[PDB]
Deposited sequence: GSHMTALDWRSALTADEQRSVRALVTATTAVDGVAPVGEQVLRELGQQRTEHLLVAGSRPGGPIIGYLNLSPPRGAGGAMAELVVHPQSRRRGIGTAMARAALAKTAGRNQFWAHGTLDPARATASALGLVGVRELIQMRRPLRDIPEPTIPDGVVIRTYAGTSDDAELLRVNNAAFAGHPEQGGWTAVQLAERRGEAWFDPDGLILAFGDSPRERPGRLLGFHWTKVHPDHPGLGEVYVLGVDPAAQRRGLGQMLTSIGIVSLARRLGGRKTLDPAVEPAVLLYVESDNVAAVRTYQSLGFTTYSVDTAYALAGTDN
């Protein structure tokens, strides 16, 4: 019997982290994301834990259902316990619970997940591509005149940063409609670096920005965190220029060392921008749904 849980004890949290770490070791990819791990100690989501056979043992399966669109499920069956129906039972429980509306996130779109998706009658409905490029032979930015580049100067720049982010991402489910609240939350994170947030102004109104990120726990890697160009300043070479400047900045500050990014497979403009700068597909995350 699969019992939906709204909260977990400390031991259960430890049990789930153990299952996740054991799985990452074997699969080479973490089966659930970092936010799912942060939800383990909260009462904001719903969970399924499948216990092993005898008392005092580790768990063999886990699923998290995060409320939203439909909810999002992330799940994992221990490598030693696969092909026994556990993944299907948890997935079907999620589908029954959400009336067929939830999606499932397959990090890395590995063979087992693809096969399980096929067996469950699911199809890929979104592909988030992680692309990378090395820190060598990097591009050289071309700053057109009438444009000046500088880093974020603090709250003085928040009005323009929010305006441009919200104009570029208008209609975007989660990157659009930001307020000073979202900025504060990020600046409070240890990875924030104001000199890693690159701004281009007319020479002036903010034209676009490139927020880069180096996480203290992932040495050797830099990330494109948010890239946005005001629609009034798009299709003039600024997005490529900003990405290029960020690569130069990251390479100075920093598998193989690299700059990585995440881009929706159908974001034609961003995929083109990144492809022009030598990024190539590293892995793909697929959201599966009925």
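Deposited-sequence stretches lacking C-alpha coordinates, listed in sequence order: Holes in the chain trace, numbered from 1: 1-5, 74-76, 212-217, 269-277, 314-318.
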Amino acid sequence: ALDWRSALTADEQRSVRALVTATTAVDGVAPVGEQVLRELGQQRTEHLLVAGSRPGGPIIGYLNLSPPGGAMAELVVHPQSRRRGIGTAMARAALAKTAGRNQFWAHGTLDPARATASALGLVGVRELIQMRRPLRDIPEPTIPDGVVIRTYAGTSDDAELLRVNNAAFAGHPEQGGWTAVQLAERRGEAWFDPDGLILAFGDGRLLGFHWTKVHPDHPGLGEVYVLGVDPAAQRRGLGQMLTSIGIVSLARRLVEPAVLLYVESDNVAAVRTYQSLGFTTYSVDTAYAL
From here on, numbers count along this sequence of modelled residues.
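- request: Look over 174-182 and 125-133 in the entry and identify the one with the greater average Cα temperature factor.
  value: Looking at the recorded C-alpha B-factors, 174-182 comes out higher on average.
- prompt: Comparing 280-288 with 1-9, which has the greater mean CA B-factor as deposited?
  reply: Between 280-288 and 1-9, it is 1-9.
query: Which listed residue, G108, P219, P112, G154, has the largest C-alpha temperature factor in the record?
result: That would be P219, according to the entry.
task: Quick one: which of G188, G100, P79, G196 shows the highest Cα temperature factor in the PDB entry?
output: The record points to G188.
Lowest, middle or highest third - CA B-factor, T142: It belongs to the highest third of the chain when residues are ordered by C-alpha B-factor.
task: Tell me, lowest, middle or highest third: where does the Cα B factor of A258 rank within its chain?
output: Middle third by C-alpha B-factor.
field: Ranked C-alpha temperature factor of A233 among modelled chain residues, by third
entry: Lowest third of the chain for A233's C-alpha B-factor.
- prompt: Ranked by Cα temperature factor within the chain, is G87 in the lowest third, the middle third or the highest third?
  reply: Its C-alpha B-factor, which the entry lists for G87, ranks in the middle third among residues of this chain.
- prompt: Ranked by Cα temperature factor within the chain, is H215 in the lowest third, the middle third or the highest third?
  reply: It belongs to the highest third of the chain when residues are ordered by C-alpha B-factor.
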